[PDB]
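Next up: a single chain in C-alpha cells, the form deposited in one PDB entry.
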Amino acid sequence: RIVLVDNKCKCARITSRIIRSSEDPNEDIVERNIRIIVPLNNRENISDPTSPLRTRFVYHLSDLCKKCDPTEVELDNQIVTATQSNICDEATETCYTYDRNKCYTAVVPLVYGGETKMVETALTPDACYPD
C-alpha cells in the first residue's frame, strides 16, 4: 500500500494500491482509500472566540495532495530545483485539525498590578516546550 499523502493539518490520509489479475488484462483494479478525521470540538479558525463550532468541512482532493516543497531533478548534466504544484501560494490555508508536532498558541489580555499584559497561552500544551 503506497501512501500518496498524509495531510496532517487537514488530517486526510490518501493511500493507493494496485490489484492485478492473470486474465483479461483490462479489468485491472486501482484502489484508493481516503481516511478523513472530522473534529466536532474545534472552532472554525484556530482561536478561542470563533463560530462556536465548525459545521461545514470541505475536502478538495486537489488541495490535500499538494506538495509545496521543491525537489531536485537531473536533466542532462546538471541538477535543477523544481516545484511540484501550482496552488500553494504563500501560508494562509484554513485547515481543521491541530498538528500534533507543531505549536498552536494564542494571546490573551490580562491585568497585573498597575499594568496590562498580553499573555501567551498554549492551545496544545504538549508540543510547546523550549528545548
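Shifts are known only where both forms have a C-alpha. Whichever C-alpha set is largest while still superposing within 1.5 Å between the two forms counts as the rigid core. Note that residue numbering follows the sequence shown and begins at 1.
Quiz prompt | Size class of the missing deposited segment between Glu90 and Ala91 | solution = In the record, 1 to 3 residues between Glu90 and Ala91 lack coordinates.
Absent from the display: the form deposited in another entry. The rest refers to it.
Quiz prompt | Rigid-core frame, C-alpha of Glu115, shift of 2 angstroms or more between the shown form and the other one | solution = Superposed on the core, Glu115 moves its C-alpha 2 Å or more between the shown form and the other one.
Practice problem: Could you check whether the CA atom of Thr50 moves 2 Å or more between the shown form and the other one, using the rigid core for the fit? | Solution: True for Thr50: a C-alpha shift of 2 Å or more.
Exercise. Examine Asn26 after superposing the rigid core and state whether its CA is displaced by 2 Å or more between the shown form and the other one.
Key: Where the cores coincide, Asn26 still shows a C-alpha shift between the shown form and the other one that is 2 Å or more.
Self-check item: Distance trend in that other deposited form - C-alpha atoms of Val58 and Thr50, change of 3 Å or more
Solution: Compared with the form shown here, the C-alpha atoms of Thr50 and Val58 sit farther apart in that other deposited form, by 3 Å or more.
Exercise. Explain in one word, closer or farther, how the Cα atoms of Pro49 and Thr121 are placed in that other deposited form relative to this form, where the distance changes by 3 Å or more.
Key: They are closer; the C-alpha distance drops by 3 Å or more in that other deposited form.
Quiz item: With the core fixed, which bits of the chain, 3+ residues long, show every Cα moving 2 Å or more between the shown form and the other one?
Solution: Shifted runs of three or more residues, which all move 2 Å or more: 19 to 28, 47 to 52, 82 to 89, 112 to 115.
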